[PDB]
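A.B. asks: Below are the C-alpha cells for one structure; questions will follow.
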Amino acid sequence: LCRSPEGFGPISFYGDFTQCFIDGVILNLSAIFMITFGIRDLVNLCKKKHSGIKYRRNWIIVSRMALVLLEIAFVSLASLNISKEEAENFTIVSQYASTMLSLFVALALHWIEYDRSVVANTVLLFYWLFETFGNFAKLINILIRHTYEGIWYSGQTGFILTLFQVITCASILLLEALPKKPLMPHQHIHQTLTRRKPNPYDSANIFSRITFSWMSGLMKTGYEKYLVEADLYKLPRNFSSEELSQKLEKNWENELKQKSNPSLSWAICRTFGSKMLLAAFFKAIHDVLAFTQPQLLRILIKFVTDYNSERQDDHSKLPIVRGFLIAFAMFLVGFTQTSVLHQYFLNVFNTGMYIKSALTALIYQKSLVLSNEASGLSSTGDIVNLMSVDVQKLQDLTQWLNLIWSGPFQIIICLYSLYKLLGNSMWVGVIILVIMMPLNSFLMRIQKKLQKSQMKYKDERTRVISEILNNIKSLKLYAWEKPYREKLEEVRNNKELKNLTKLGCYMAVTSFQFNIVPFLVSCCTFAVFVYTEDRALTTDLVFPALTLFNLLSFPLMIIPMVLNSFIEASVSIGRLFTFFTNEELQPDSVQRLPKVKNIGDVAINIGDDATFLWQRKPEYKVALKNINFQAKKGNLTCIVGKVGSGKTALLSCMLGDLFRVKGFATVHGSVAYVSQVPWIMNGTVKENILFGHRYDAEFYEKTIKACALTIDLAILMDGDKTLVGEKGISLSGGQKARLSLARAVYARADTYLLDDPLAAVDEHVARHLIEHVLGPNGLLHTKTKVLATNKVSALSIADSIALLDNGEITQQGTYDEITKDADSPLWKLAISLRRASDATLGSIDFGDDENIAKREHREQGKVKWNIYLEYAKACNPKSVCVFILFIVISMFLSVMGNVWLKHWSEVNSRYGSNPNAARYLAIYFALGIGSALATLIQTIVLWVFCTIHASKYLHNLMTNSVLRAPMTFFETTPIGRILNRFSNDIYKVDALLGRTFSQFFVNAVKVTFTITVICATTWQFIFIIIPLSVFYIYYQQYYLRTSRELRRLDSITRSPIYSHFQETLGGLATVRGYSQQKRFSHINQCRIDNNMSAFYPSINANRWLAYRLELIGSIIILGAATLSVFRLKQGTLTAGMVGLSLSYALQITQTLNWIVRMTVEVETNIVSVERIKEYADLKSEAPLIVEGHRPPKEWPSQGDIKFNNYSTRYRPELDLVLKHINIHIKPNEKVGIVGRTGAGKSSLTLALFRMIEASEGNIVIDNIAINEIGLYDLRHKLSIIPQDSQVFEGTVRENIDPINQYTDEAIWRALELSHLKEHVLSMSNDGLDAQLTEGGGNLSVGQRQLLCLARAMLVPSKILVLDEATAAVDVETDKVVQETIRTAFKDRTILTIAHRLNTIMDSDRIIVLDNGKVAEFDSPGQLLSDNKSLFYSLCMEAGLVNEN
Ligand SMILES: N[C@@H](CCC(=O)N[C@@H](CSSC[C@H](NC(=O)CC[C@H](N)C(=O)O)C(=O)NCC(=O)O)C(=O)NCC(=O)O)C(=O)O
C-alpha cells in the first residue's frame, strides 16, 4: 500500500503521473528487466570461446567506467536524506533497494561487453533509455507541485540530486550509442581484398536498425557520381540461393515420401512462415494506435470549453498545464505509430525475396532429369513462362496477405467507435455501404474487359509495321509508300483511338463514384440525428466524427483488389504442382566402370537377349530385342541399317535414356558424343572449342590443323573473336558439323560415339578426315570408337561390322566374309595423350556501363526543361489551363463546406436546441455536391481532349519522317532497335504518362490549402514552416538522383536469367552426354545472385525516405497544438477554431510522402518523348516532285542512254567507285553487262535510279538531264526485275496492283503468260480474293520468281533492267524468261547484268568493267575471234572456249 493522499491512479489532477506510479511501477520494471536478462547474457558471453580479434583500450571504456561509478554515489547520498515520515511508505523505500543491485550488474557487464562483442549490447541500450525517462518525469512532477501549491514536497537536497541524476544517465546513453571501438595496430592484412566490401547491415546497433541510418553512406555516393556495378556491397548472411533451396528440398521430399496426399503449399508455409507470424503483431499494434487520436481531440475541445466558461462566469481553478500535456501526448502517439509500421514492411518484403530464389533454383535443377517424352509434351517457349510469370505472382501476393484479416478489423473498430458518440443514429452508415460496395465491384469488371480488348490492336499495328520495315528495299523501288501508309493509318485511327475514349469515360465515372461516398454517409447521419434525438448537436460531436468517417476511405478501396490476386495465384500453384511430379529417368539402366588397360580388352557388353522400351506409358513399346553386341579397344566398329531401324536406338541405349526390362549393360571410361544435328552455344569460337577445359596451345593447333577449319578462318577474315549462335552471324552447312567434331576431338575421351557426321561435307573432305582423324593414321589410334554410318569408305576401312534391323541383330563379321559369303546389301550396294584438365570455378563478371556513362557524364538532371514544353505544345495549351483551373475550384468548395459546418455548430450551442434544421442542411448538401461535379469535369477534359491529341500528333509526325530517310539509315541501324520505338515508347505515351501528372498536381494543391487554413488562425506558424521547407528540399534532392540509377541497374540484370534457361533447354542431350551438369547449375546460381544484390538496396531506399518525411508531420501537429494553447491564455480562442485547425493537420502525414514518390514516376516516363523527337527530326531526301519540269506522259519514247563523264561514290568519306564513264547505248539494243567479282557492278543501277547522288558529271536520257526531274516522276517510269523476291500479306490483287489502275483482263493475261493460274485456283475458289500468308509460305521460290516476272509483265515501258536476277533465277525458269524476252519485251531496250557468261552469249554488245574503269566495249564475235583479248580470256575462265 501507499501512505499518500494521491493513490495508484495513473493520472493526477494536473495531468501528469502521480509519484506513487513513477516509483512503484516504471522504476521497478526497468530494474527487474536488467536483473533477469543481464545475468543470462553475461553467462552466454562467458561460455563463448576466446577469439583472435582484440580491441585496444582507450578513453572510451575509461570514461564509461568513470561515469557509472557516480550513479552509485548519488543513490547512496539520496538514500540517507529520507525523512521520518517517508520511511513508513513501502513504495519509496523499495525503490533504492531495487535499483542498487542492477547498478552492480550493469557495471560488471560493461567490462566483458567491451572485449567479447562487435556491436553494442541491446539490453544496455534499452535500460538507460527507460531510466532517463523515469527520472525526467519525476523532475517535472516536483516542479509543478511546487508552483501551484507553494511547498517543496522534498527539500532542495532531493531536487538538486534529481537534477544531477538525470544528466549522468543522459551522458552514459550517448557514450554508449555513438563512438566506435578502435582495432589494434596489427594483424589487419585481411583488409586487402579486390572484391566488393562487406555489407554495413551486419554491424549496426539496434537504434540504427530502427531508424535505417546504415543506408546514409550510399546516398552521398550516388548524389555525386553515376553508380556502376563496382559500387554495390555484398549480400548479407543467409541470402545465398544454394543455402535457401536446400531447406525447401528437405521439407518437400519428406512431404512426398512420408504420407499419401502431398501438397506444395504446406511445404512452403512450414519453412518460411515464422517471420510472417511476427509481422502480424506490429500490424495489430499500428491498427490500435491509429484510432486513439480522435479521443485526444475530443478531450482537448472539451477542456477549451470548460476553461472559457468558468473564467467568463467569474467575469460575470483548472490549471493551464493540463493543456500543454495533451499536446505532447499527440506527438508521442505519432512517433510510436511511425516506428512500428516500417518494421512490419521489412519483414513482409524479405519473404518475397526468399520465395523467388528458392523456386527458381528448384525449377532449373528439375529440368535436367525429365525423360524424353515428358520433355516432348510442351513447348520450349512455354516452360520459360514458369519463371517469367508464375513465381512473379507468388512474390507479389505476400505484400497483401495480412489485409484479409486487417481489413475488417479497422472497420469494426470504426463502427463501434461511432456507436458511442451518436447512439442508434449510426445504423444509416451501414446500409449505404451495403448498397454501394457491390456496385463498385461490378464496375471494376467492365474495365478489365475493355483493357483486355485493347491489347489486341497493339499486336495488329506491330505486325503491319514490322512487315513494312523488312521489305523496304522493294518499297523504295516501286514507289508503293502511298497505299501502305494509308493502310496503316486506317487501322491506327479507326479502332485503337476509338477504344481509348471508351476506357477514358469508364475511368471518369468510377472516380466520381468513389469520391462521393464518405460525404454522403455524414450528410445522412447528421440528418437522421437532428430529427429524432432530443439533444443539441454541438462542436465536440461534429468535429471528432469527421475524422472517423474519413478513416473509412482506405479499407473500402483495397478490399476488392486483394481478392483478385488471391484468386489469380491459385492457378499458378496447380501448374507448379503439375510440373514437379513428372516422370524421371531410370537410374539403374546402365552401369559405369573404370578404364580398360590393354588393346585386347572388350569395352562394352550387351547380351542375354536384352530388351529396351521406347515408352513406359500408356502401353510399353518394344524398341530393341535379342541384342548381343561387343566392341574392342582401338578398332573402328561400324553399324549399317535402314532409316528408322534400331540404328539410333543403340546410341540412345548406350547414353542410357531407354528403360531396361531384361539383360545387362556396361560401359567403361568416359564418353564423348556428337549430336546428328549440331548445337552451337552463344560465345566465341575459342570457347566453343575449349568447352570448359584448360588451354594447351600445341594440342589446340594440332586439333585445328587436323580439320579444314583453318581455311574457313582465313576466308572469313575474322579470327576466333567472331560471335556465333542465334545472335551471332549465321554459319552454314558443313561448318557446324566440322566445329562440333573439332569440339569433340579436343576432349581426348576414352570412348567416342559418332552419330554419322560425315553426311554434311564434301567427299574429299571426308577423305581428309579419314586420313587425319579416323583409322590407324590419326590421333585416335588407341581410343575405341563406334561410328554409325552408311559410307562405303568407312565400312571398307571398318575392322568389324554388324547388321541391325527390325530391332534385332541378324549378321556380323569382318568384310572379307561379307564379300565372300553374305550375299547381302552390305556387298550388294599402348599410350595416348592424357585427359585434359578442367578449368576452375569462380564468379561471373559484370559488364561496364562506361560505354553510356561517357555520354551521360556531361550532366546530371539530364532531362531538360525543353521536353516538358514540347509535350505541352503537343497538347493544345489552352486545354492544360482549363484542366488546371477545375482542381482549384474543387478544393475551394470543399473547404467552404467545413467553414459552414463550423457556423452551424456555433449557432446550435447557444440555444441548446436545433432551430431551422431544414434550412441549414440544404446549403451543406449543395456545397458537398458541387465539389464532386468539378472532379468529374476535369477527368473528362484530361482524357478526351489533352491526351488523345498528343497520341494523334506524335505518331503521324514520326512515321512521315522515317519513311523518307535515305538508305544509309536503314543499312547502319539494326531493325530490332527501330521496331522498339514503334512498339514500347508509343505505348507509354498512350497509356501511362498522363496519369502521373494528375496524381502529382492533385496532391500538391492539397497541402497548400491545408497550410493556408492553419496559418489563418495563428499567424506565428510562419516561423515554423520556413525552416522545415529547407529540409524537405534537401531530402527530395538526395532521393531523386540515387533511386533512378538503382532502378536502371536493377532492370538491365533481369533478362540474362531467362536467356540461359532457353539456351540450355535445347541442348540436354549434349550436356548429359558430357556430364556438365554441375558447371551448368553453378552458372545459373551466379546469375540469380547478381540480380538480388542490386534489388536489395532499391527497396531499402524507400524506407530511408519515408521515416524522415513522416517525422516532419509530427512536428507540424505539435506546433499547431501548442500555439493554440499559448493563444488561449490571452482570452481570445474559442472551441470552433481549434476544432477546424486540428481536424486538417491530422490528415497530412501520408501526402507529404506520396508527392516525392510521384516525382520519380514522372521523371522515369518523360524520356520516351525525347526518344520519339529524336527520330522525328531525322534527315531528309531529295524532293519527290519538281512542278515546273514535269515530263509528258510518254517521255521515254526512245531507249537511248548517254553518259557525260559521270563519277560517283557510295559515301563522301570513301573513294570514287565509278570514274570518267562515257558510254552510249543505241535504242532497242540488247546489252550484256559483265565484269569480275567486286569490280563495282552493283553501283550502276543505283546510279541509274538516283539512289546515289552524282559526284561528277551527269546521266542523260532522251534529251533531258535526269537531275532536274522530281524523284517520283523519274522512278515511276523505269521497269526493273529485282534480284530479291518479296511477298506481302493480303490478296494476290494487292500483290500485283494495290492501286487498282488496271482491268482484270490484263491481270489474268499476265498470269496466263506466267503459268500461275493453275496453282492459285487449287488453293482457293476465291480467285483474286485468295489471300497469301506471311512471307509467302504458300509460294515456292520459283513461284515467287514467276510472281515478280508477272509484276514486271504488267508495267508498260520502253526500258527494262534485269538487275542481277540471274543470281537467284535458275535456268529452268530462265528458259521461260528468255522466251518472254523474245516475245513480250522484244521492243524494249534491255540492260542485262550477268551472273555467268553463258546466259548472255546472244548480246549485241558487251561492256567490260574493271575497277571502276571501262576495259573495252566491243562486239562479242570480234572478241571471241581475238584469242588474246580480255573477254576471250574471261570465256576461257568460264571454260566456254575449251568447250567449243
Ligand atoms: N495508412 C496505410 C499505410 C501506408 C500504406 O499502406 N501505403 C501503401 C501505398 S498505397 S497509395 C494509394 C492512395 N494513397 C494516397 O493518395 C496517399 C494518401 C492520401 N493522400 C492521404 O490523404 O492520406 C490511396 O489509396 N488513396 C485513397 C484515398 O485517397 O483515401 C503501401 O502499402 N505502400 C507500401 C509501399 O509501396 O512501399 C495503412 O493503413 O496501411
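Here, A, B, ... name the chains of the C-alpha cells in the order displayed, residue numbers run from 1 inside each chain, and ligands are numbered from 1 in the same displayed order.
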Might you pull out every residue within 10 Å of residue 571 of chain A, with only C-alpha atoms counted and same-chain residues fewer than 5 positions away left off, and present them as a list in words?

C.D. replies: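 In the requested form, the answer reads residues 390, 566 and 576 of chain A.
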
A.B. asks: With C-alpha atoms kept, could you save the residues just selected as a compact mmCIF listing (two decimals), in the first residue's frame?

C.D. replies:
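Result file follows (result28.txt):
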# COMPACT_ATOMS: atom_id res chain seq x y z
CA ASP A 390 4.31 -17.81 -62.25
CA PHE A 566 -5.79 -14.36 -54.14
CA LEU A 576 3.91 -25.85 -60.44

A.B. asks: Could you give me the residues within 8 Å of ligand 1, counting only C-alpha atoms and all ligand atoms, as a list in words?

C.D. replies: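 The residues within 8 Å of ligand 1, counting only C-alpha atoms and all ligand atoms, are residues 287, 341, 345, 399, 550, 553, 554, 555, 557, 558, 999, 1003, 1099, 1102, 1103, 1147, 1148, 1149, 1150, 1151, 1153 and 1154 of chain A.
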
A.B. asks: Using only N, CA and C atoms, please write the residues we just selected to a file, as a PDB file, in the first residue's frame.

C.D. replies:
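selection_14.pdb was written with the following content:
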ATOM      1  N   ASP A 287      -2.727  -0.752 -35.956  1.00  0.00           N
ATOM      2  CA  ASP A 287      -4.178  -0.566 -36.059  1.00  0.00           C
ATOM      3  C   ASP A 287      -4.853  -0.162 -34.754  1.00  0.00           C
ATOM      4  N   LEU A 341       5.384   0.593 -38.000  1.00  0.00           N
ATOM      5  CA  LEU A 341       4.886   0.244 -39.326  1.00  0.00           C
ATOM      6  C   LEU A 341       6.010  -0.219 -40.250  1.00  0.00           C
ATOM      7  N   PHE A 345       6.820  -3.612 -42.612  1.00  0.00           N
ATOM      8  CA  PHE A 345       7.210  -3.655 -44.029  1.00  0.00           C
ATOM      9  C   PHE A 345       8.516  -4.393 -44.294  1.00  0.00           C
ATOM     10  N   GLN A 399       2.867  -9.150 -50.054  1.00  0.00           N
ATOM     11  CA  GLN A 399       2.678  -7.781 -49.580  1.00  0.00           C
ATOM     12  C   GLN A 399       1.235  -7.464 -49.183  1.00  0.00           C
ATOM     13  N   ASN A 550     -13.678   9.812 -42.269  1.00  0.00           N
ATOM     14  CA  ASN A 550     -12.604   9.843 -43.252  1.00  0.00           C
ATOM     15  C   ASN A 550     -11.664   8.644 -43.140  1.00  0.00           C
ATOM     16  N   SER A 553     -12.022   5.500 -45.691  1.00  0.00           N
ATOM     17  CA  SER A 553     -11.729   5.593 -47.117  1.00  0.00           C
ATOM     18  C   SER A 553     -10.785   4.488 -47.586  1.00  0.00           C
ATOM     19  N   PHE A 554      -9.659   4.286 -46.885  1.00  0.00           N
ATOM     20  CA  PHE A 554      -8.666   3.312 -47.347  1.00  0.00           C
ATOM     21  C   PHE A 554      -9.134   1.855 -47.332  1.00  0.00           C
ATOM     22  N   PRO A 555      -9.704   1.290 -46.248  1.00  0.00           N
ATOM     23  CA  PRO A 555     -10.117  -0.123 -46.331  1.00  0.00           C
ATOM     24  C   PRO A 555     -11.221  -0.430 -47.330  1.00  0.00           C
ATOM     25  N   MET A 557     -11.402   0.807 -50.377  1.00  0.00           N
ATOM     26  CA  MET A 557     -10.744   0.705 -51.677  1.00  0.00           C
ATOM     27  C   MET A 557     -10.049  -0.637 -51.863  1.00  0.00           C
ATOM     28  N   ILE A 558      -9.283  -1.066 -50.862  1.00  0.00           N
ATOM     29  CA  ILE A 558      -8.326  -2.147 -51.046  1.00  0.00           C
ATOM     30  C   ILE A 558      -8.950  -3.534 -50.902  1.00  0.00           C
ATOM     31  N   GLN A 999      -1.946  12.723 -60.659  1.00  0.00           N
ATOM     32  CA  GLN A 999      -1.663  12.423 -59.255  1.00  0.00           C
ATOM     33  C   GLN A 999      -0.590  13.314 -58.641  1.00  0.00           C
ATOM     34  N   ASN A1003      -2.431  16.108 -55.418  1.00  0.00           N
ATOM     35  CA  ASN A1003      -1.854  16.134 -54.082  1.00  0.00           C
ATOM     36  C   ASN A1003      -1.078  17.411 -53.796  1.00  0.00           C
ATOM     37  N   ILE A1099      14.752  -1.431 -52.445  1.00  0.00           N
ATOM     38  CA  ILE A1099      13.599  -1.339 -51.560  1.00  0.00           C
ATOM     39  C   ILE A1099      13.925  -0.682 -50.225  1.00  0.00           C
ATOM     40  N   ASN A1102      13.442   3.291 -50.021  1.00  0.00           N
ATOM     41  CA  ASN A1102      12.092   3.781 -49.765  1.00  0.00           C
ATOM     42  C   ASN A1102      11.828   3.945 -48.273  1.00  0.00           C
ATOM     43  N   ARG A1103      12.305   3.001 -47.454  1.00  0.00           N
ATOM     44  CA  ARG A1103      12.142   3.089 -46.004  1.00  0.00           C
ATOM     45  C   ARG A1103      12.950   4.246 -45.429  1.00  0.00           C
ATOM     46  N   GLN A1147      -4.459  14.888 -40.964  1.00  0.00           N
ATOM     47  CA  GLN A1147      -4.646  14.113 -42.186  1.00  0.00           C
ATOM     48  C   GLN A1147      -3.510  14.273 -43.192  1.00  0.00           C
ATOM     49  N   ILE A1148      -2.422  14.947 -42.818  1.00  0.00           N
ATOM     50  CA  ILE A1148      -1.408  15.404 -43.764  1.00  0.00           C
ATOM     51  C   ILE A1148      -0.215  14.460 -43.906  1.00  0.00           C
ATOM     52  N   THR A1149      -0.054  13.476 -43.017  1.00  0.00           N
ATOM     53  CA  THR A1149       1.223  12.767 -42.899  1.00  0.00           C
ATOM     54  C   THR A1149       1.555  11.848 -44.082  1.00  0.00           C
ATOM     55  N   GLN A1150       0.567  11.355 -44.830  1.00  0.00           N
ATOM     56  CA  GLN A1150       0.840  10.490 -45.979  1.00  0.00           C
ATOM     57  C   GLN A1150       1.036  11.250 -47.289  1.00  0.00           C
ATOM     58  N   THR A1151       0.414  12.421 -47.420  1.00  0.00           N
ATOM     59  CA  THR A1151       0.508  13.205 -48.645  1.00  0.00           C
ATOM     60  C   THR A1151       1.934  13.685 -48.894  1.00  0.00           C
ATOM     61  N   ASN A1153       4.686  12.284 -48.231  1.00  0.00           N
ATOM     62  CA  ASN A1153       5.453  11.172 -48.769  1.00  0.00           C
ATOM     63  C   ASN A1153       5.061  10.855 -50.210  1.00  0.00           C
ATOM     64  N   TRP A1154       3.753  10.844 -50.492  1.00  0.00           N
ATOM     65  CA  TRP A1154       3.303  10.431 -51.817  1.00  0.00           C
ATOM     66  C   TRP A1154       3.685  11.421 -52.916  1.00  0.00           C
TER      67      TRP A1154
END

A.B. asks: List the neighbours of residue 506 of chain A out to 10 Å using only C-alpha atoms; skip same-chain residues closer than 2 positions along the sequence, and give me the result as a VMD selection string.

C.D. replies: chain A and resid 443 to 444 446 to 447 450 501 to 504 508 to 511

A.B. asks: If you keep C-alpha atoms, can you produce a file of those selected residues as a CSV table (one decimal), in the first residue's frame?

C.D. replies:
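Saved result, selection-v6.csv, follows:
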chain,number,residue,atom,x,y,z
A,443,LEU,CA,-17.9,-1.6,-62.3
A,444,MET,CA,-14.4,-3.0,-61.8
A,446,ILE,CA,-16.1,-4.0,-67.4
A,447,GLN,CA,-12.8,-2.0,-67.2
A,450,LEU,CA,-12.1,-3.3,-72.2
A,501,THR,CA,-12.1,7.2,-75.4
A,502,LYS,CA,-14.4,4.5,-74.1
A,503,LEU,CA,-11.9,3.4,-71.5
A,504,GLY,CA,-11.4,7.1,-70.5
A,508,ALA,CA,-14.0,9.1,-65.0
A,509,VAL,CA,-17.4,7.7,-63.8
A,510,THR,CA,-15.6,5.4,-61.3
A,511,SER,CA,-13.6,8.4,-60.0

A.B. asks: With distances taken over only C-alpha atoms, which residue among A:18, A:1132, A:1333, A:670 lies nearest residue 1288 of chain A?

C.D. replies: A:1333

A.B. asks: Tell me, as number ranges by chain, which residues lie within 12 Å of residue 481 of chain A, counting only C-alpha atoms; anything in the same chain fewer than 2 positions away does not count.

C.D. replies: A: 468-469, 471-479, 483-488, 959-960, 962-964, 1272, 1298-1299

A.B. asks: Please save C-alpha atoms of the selected residues as a compact mmCIF listing (two decimals), in the first residue's frame.

C.D. replies:
# COMPACT_ATOMS: atom_id res chain seq x y z
CA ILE A 468 6.77 -2.68 -93.74
CA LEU A 469 10.27 -2.44 -92.21
CA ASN A 471 10.62 -5.18 -97.25
CA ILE A 472 11.76 -1.54 -97.50
CA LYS A 473 14.04 -2.34 -100.47
CA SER A 474 11.09 -3.19 -102.71
CA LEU A 475 9.03 -0.23 -101.47
CA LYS A 476 11.88 2.16 -102.34
CA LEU A 477 11.91 0.97 -105.96
CA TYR A 478 8.20 0.68 -106.78
CA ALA A 479 7.10 3.97 -105.08
CA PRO A 483 -1.01 2.73 -100.32
CA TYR A 484 0.81 1.24 -97.32
CA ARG A 485 0.83 4.48 -95.31
CA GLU A 486 -2.95 4.74 -95.73
CA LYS A 487 -3.33 1.03 -94.88
CA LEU A 488 -1.58 1.60 -91.54
CA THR A 959 6.14 7.87 -89.48
CA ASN A 960 6.36 10.52 -92.24
CA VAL A 962 11.05 7.56 -91.07
CA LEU A 963 9.56 6.62 -94.47
CA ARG A 964 11.67 9.30 -96.27
CA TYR A 1272 8.68 10.33 -108.26
CA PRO A 1298 -2.50 -2.33 -104.95
CA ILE A 1299 -3.68 0.89 -106.65
